[PDB]
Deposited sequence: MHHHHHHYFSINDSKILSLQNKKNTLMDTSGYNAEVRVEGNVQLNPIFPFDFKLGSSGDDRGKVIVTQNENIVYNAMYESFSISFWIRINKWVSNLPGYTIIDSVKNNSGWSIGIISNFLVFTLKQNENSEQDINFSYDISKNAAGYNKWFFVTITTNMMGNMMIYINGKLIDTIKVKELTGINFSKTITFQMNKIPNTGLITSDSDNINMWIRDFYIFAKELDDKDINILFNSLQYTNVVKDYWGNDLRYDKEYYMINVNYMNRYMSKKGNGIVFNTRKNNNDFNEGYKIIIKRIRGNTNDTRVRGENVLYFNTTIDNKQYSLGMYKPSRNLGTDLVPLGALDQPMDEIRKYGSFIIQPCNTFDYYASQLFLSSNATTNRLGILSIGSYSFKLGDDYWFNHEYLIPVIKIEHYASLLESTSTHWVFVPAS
C-alpha cells in the first residue's frame, strides 16, 4: 500500500531524487553511474577514493518509526563466496540505527541499539546453485516491528525472523557506499523504498511483481533478454555443462572452469514474431537460435537420431538448414519462468512459426550414434524435444533454460 511510503529513491530524468512527497535531500558524489533505460538503476563500485557515494538526508519523518519496512532491488558482481566484509547501505549515527552489509555469501541487516547491543538477520545464498557467484538482481524486503519481529524477505519469500529486543535512536541519514571492513566489485540499486509500517507477505509479493515487466524474459543475471546478442544457453539441471557439438547433434560437456561461464559455443536468439520497437524478448514471441561453429553459421533444429531414443522424443541439433527448415523444425515459443533461485524460460516447439505448441524443450542422457560413431552407441547429454504428450514435463525443472551473456 503506497499511502505509507515515506521515502522513494529513483532516477528521474537522470537525477536521483525522493519521489515520495517527503522530499529528502539526495546528494551524489564520486563515480556514480545512472542507467538511462529501465530499470533506471544507479551503480557504485568499491575501487578508488572517488568511489561513489549517495547520501540521503531525511527532512524534518523519523517521527514514524515504531514499524517500518525497507525495500529495494540490488545486484552485486562478482558476489563470490569468499567475499570480504563490506558495508553497503548505512544508517548508523552515534552507535545506533541500522546497517546493511555483505560478507562471504551473506547479506546482513543489522539493527543497532547501542555500542554494546545489536541484532541481525541475513540471507545467505545457495553456493551450490551459484558456482560463478550470485551476480543476479534480487529483491530485498526488510520489515521491522519494534514491539514484534524483524524479518527479511528475498524475492517475496521469507528467509529469516528474529524477535526484537524490547529496550533505539534512528539516523536521519542513509549512505549508499561500498566500504570495506579493515577483487574489485560493483553494485547496482533501483527503487529503494521505505514504508512507515510493517508490510505483510501479501503486500510484499504485490510490490515485488509491480516493479517487474513480467512478460519480458530475463537473462541469468535478471537483465532483459535480447535478440541479436551472444549468450551461453544452459539447462537448470546441468549448470556445470557447456554446449558443444558432435556431428549434427548438440551435446553438453562438463566444465573445466566451474567458477565462471566462458566455455563452449554461443547462441544468438533471432526474432520471428514480436515487438519491433525494441530488441527485448517477450513471452509468446516466436524465435529461433543461431550458433557459430568453426566460422560456419548453423541454426538449431530437430534431426532424426540413429535410433528411437524413446516415445515422443526428438533431439535438437546444429544444422546448416535453410529458413523453411528452421520454420518447420527449429522455431520456438518462449515463455518466462522465474523461480526464487533463477531467471529462466521455457521453450515450446512451434508449429510452423505460429504460436501453436507441439512440444517442450527438455534435456536428457541418451545412448546413440553421432558424428563418426559407427560400431557402438555412446551416452550423450542432449537437448531433446518431447512432442505432444509433454504434460508431466510442464512442472519439470529440466525444461527451464537460462541465458548467460557471453559478451
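- The deposited sequence has C-alpha coordinates everywhere except the stretches 1-10, 71-73, 181-182, 198-206.
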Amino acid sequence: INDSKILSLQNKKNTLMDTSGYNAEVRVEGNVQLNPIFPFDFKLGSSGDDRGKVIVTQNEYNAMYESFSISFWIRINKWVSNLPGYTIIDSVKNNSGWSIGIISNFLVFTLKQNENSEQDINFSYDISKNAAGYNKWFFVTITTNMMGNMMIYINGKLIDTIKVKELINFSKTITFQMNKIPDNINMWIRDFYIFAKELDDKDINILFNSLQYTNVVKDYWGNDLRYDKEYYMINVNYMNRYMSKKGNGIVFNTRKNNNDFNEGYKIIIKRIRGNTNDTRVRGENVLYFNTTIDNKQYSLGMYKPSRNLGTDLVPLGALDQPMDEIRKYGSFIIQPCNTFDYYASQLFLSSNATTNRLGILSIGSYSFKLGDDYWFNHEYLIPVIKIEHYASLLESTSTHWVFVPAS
From here on, numbers count along this sequence of modelled residues.
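- Higher mean CA temperature factor, per the PDB entry, when comparing 197-205 with 235-243: 197-205.
- Judged by mean Cα B factor in the deposited record, 307-315 ranks above the other of 217-225 and 307-315.
- Residue-level inspection of the entry shows that, of 331, 169, 87, 82, 169 has the top Cα B-factor.
- Residue set 144, 155, 99, 104: peak C-alpha B-factor at 144 (per PDB entry).
- When all modelled residues of the chain are sorted by CA temperature factor, residue 298 is found within the highest third.
- Sorting the modelled residues of the chain by their CA temperature factor places residue 31 in the highest third.
- In the PDB entry, a CA B factor belonging to the highest third of its chain's modelled residues is recorded for residue 14.
- Ranked by Cα temperature factor within the chain, residue 43 sits in the middle third according to the deposited record.
- Sort the chain's modelled residues by C-alpha temperature factor and residue 1 lands in the highest third, per the entry.
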